[PDB]
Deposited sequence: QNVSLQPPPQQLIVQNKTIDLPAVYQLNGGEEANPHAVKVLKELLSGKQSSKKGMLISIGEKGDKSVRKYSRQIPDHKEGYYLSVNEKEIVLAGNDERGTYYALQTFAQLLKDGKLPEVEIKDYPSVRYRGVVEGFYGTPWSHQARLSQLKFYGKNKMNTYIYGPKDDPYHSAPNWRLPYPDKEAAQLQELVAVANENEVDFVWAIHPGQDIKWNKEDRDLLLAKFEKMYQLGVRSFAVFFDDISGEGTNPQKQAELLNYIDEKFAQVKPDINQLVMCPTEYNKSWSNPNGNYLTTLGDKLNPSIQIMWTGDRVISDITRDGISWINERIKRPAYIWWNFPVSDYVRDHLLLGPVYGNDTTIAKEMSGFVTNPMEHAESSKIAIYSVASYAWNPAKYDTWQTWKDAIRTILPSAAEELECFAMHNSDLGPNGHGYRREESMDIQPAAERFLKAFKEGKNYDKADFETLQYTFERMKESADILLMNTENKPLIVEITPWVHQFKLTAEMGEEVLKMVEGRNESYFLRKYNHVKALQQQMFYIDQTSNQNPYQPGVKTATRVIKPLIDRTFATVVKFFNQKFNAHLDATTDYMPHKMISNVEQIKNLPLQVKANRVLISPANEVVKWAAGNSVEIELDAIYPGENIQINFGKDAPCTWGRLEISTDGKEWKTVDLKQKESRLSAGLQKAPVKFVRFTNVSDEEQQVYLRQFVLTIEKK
């Protein structure tokens, strides 16, 4: 399964051996980045004047003259051919030759090559990743791994703009990077160049920018320092700000100045991009002059970014028409998935879908804003690369499966299992949701409906739930111990622990559904302990300020387990005249369920705590009171008690 799939492909359903002896033509004249890859593939083998011809080069080179008519007339296009007599790897340009090689590397398996002819090129000009989220910026090592991954998947764009990098945003946007970070950035740029990726350095100055000479020059001076580090593409971001920096005439004038005094003055600058203050339809004022001013005043080589109809949204024909009419050029899409910075307790590991696949001509670029979890984001990134290169042939589920097999071949099925039940965002303020657990959703819905009603459930539905919980546990334990991609396992580990507990809880609740009073009570007590363990994980892992903790299988599996538990406990309580607690989340404090978030104890919008704590403050909203470290166990009257914990 070639990813991205080529524009055109003819296969012969024959294979040949990769030539043990070969003659290489054009090795001195072709893209050195491409020749390096070819040479690594042919290692062990060796070149002579005999043996199979392998021709590599760009249109115009001597090596590929014979094929000049077969080379697509598109930027980054290439012609590839393998038959009994020779191998052709011919780009329309240097990047095309490299892309030819990335396809060729995928064809080669166990020293054999299929006989094929490919004519290929991207449907969207700029394809890649914007590291543009809130949260811990990607590590240096993660970024090195990302750049290599993008080369392999024909992504030509990496936009560097982590919101919490102080040299990117306010106020240290004015300051050059310190030496250590500068040497790292310099290495990232070299590695990007090696993998045919435009390293685009973004700046986010709008929150405190002054529309004067001093700040303009400081911005230019910053861009110059980035240029000295090897940066050749640049962006200015005006998103998520308020105040004078939102002025569209001034934004456009600054961007045109950068264009005219910098971009068009250096020998070798590539992309110049801006993200507008009105960057999605809902945050736009259809009766305001912001977008039309940008559209009219911004120089036509400057790109303008867009997230769609909402902050988080998928791209539609009508949605992109709306923006394109105003900005007078094709939007450069900033797709906010799988970014999880507003649902930080979730991993978003499901397929990439929802974007119109017929609108390539309506977009200048398409980049995906990922999770702060770099390796985990490769599922979506791989899929986005496939979509942007060939949207007409974009296959949601096959691409997801291909991504997973590429990222973790040693445990692909296990990672599929984990990812398939870790897809949805849960309720959020952006209203954006994804499907999850859709395979078992009907079996779950029928089981629950029957059970709650006192009608009999289908045995096969019970067994499918059983099968699911079993596979979840196998998948969790195998992933925990996997050493093929350690950085990935480090990222997902807390969710993997939570996912295993979920599956164990499901097994026990199903045993509760099935014997005698004694047995039921053993199962019940086991489930209570597992709820407590899930609490401990939710309280100790991923403790960020915004959405702390660890949620998993939230769409279908957890509600099924919880509702089944509440139901069987009710039945037991009726049958045995008992008063077993049916609550589904463990809560050590007593009172709408209470919630614990960090050192906050809140009522879901008299409380007795499990101990005496020093009080910090109380916040109510139908109000606030400093508690000045006073001992507190009881609070009697949002409704949030903060304690020292």
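Q: Where does the model have holes with respect to the deposited sequence?
A: Residues missing from the model, as numbered along the full deposited sequence, span 1-3, 518, 596-604, 619-631, 649-679, 695-707, 716.
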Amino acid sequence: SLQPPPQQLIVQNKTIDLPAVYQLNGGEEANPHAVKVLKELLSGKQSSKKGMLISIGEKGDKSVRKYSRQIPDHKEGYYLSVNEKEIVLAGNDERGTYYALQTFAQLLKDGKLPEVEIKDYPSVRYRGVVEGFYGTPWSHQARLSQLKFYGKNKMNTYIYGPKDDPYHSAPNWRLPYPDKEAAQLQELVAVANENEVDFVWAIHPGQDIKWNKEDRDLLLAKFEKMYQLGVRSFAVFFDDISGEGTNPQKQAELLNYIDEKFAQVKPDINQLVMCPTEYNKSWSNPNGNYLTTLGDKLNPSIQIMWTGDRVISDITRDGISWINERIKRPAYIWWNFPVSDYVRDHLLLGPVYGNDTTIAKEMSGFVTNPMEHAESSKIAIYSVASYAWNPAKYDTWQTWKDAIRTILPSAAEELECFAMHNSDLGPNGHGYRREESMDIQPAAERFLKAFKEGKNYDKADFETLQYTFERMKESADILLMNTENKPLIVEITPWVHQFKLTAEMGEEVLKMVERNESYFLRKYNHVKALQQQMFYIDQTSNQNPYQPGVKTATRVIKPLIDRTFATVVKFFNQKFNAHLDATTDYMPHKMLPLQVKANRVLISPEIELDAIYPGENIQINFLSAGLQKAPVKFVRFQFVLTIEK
From here on, numbers count along this sequence of modelled residues.
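By rigid core we mean the largest C-alpha set that fits within 1.5 Å across both forms.
Q: Of the stretches 278-286 and 478-486, which sits farther from where it is here in 6 other deposited structures of this protein, on average over its Cα atoms, after fitting the core?
A: After superposing on the rigid core, the more displaced stretch in 6 other deposited structures of this protein is 278-286.
Q: Does a third or more of the other compared entries skip modelling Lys50?
A: Counting only entries that model residues on both sides, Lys50 is unresolved in at least a third of them.
Q: Between 189-197 and 427-435, which has the larger average Cα B-factor in the PDB entry?
A: That would be 427-435.
Q: Higher mean Cα B-factor in the deposited model: 112-120 or 220-228?
A: Result of the comparison: 112-120.
Q: At the C-alpha atoms, which of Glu278, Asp477, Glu244, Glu507 reaches the highest B-factor in this entry?
A: That would be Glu244.
Q: Compare the CA B factors listed in the entry for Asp164, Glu131, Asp341, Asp458 and report the winner.
A: Checking the PDB record, the top C-alpha B-factor among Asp164, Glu131, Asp341, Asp458 is at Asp458.
Q: Ordered by C-alpha B-factor within the chain, which third holds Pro370? Give me lowest, middle or highest, please.
A: Lowest third of the chain for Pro370's C-alpha B-factor.
Q: Name the third of the chain's ranked CA B-factors that contains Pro494, choosing lowest, middle or highest.
A: Its C-alpha B-factor belongs to the lowest third of this chain's values.
Q: Mind checking which third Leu144 falls in for C-alpha B-factor across the chain?
A: It falls in the bottom third of the chain.
Q: Comparing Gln466 with the other modelled residues of its chain, is its CA B-factor in the lowest, middle or highest third?
A: Highest third, going by the recorded CA B-factors of the chain.
Q: If you rank every modelled residue in this chain by C-alpha B factor, which third holds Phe451: lowest, middle or highest?
A: For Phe451, whose C-alpha B-factor we compare with every modelled residue in the chain, the answer is the highest third.
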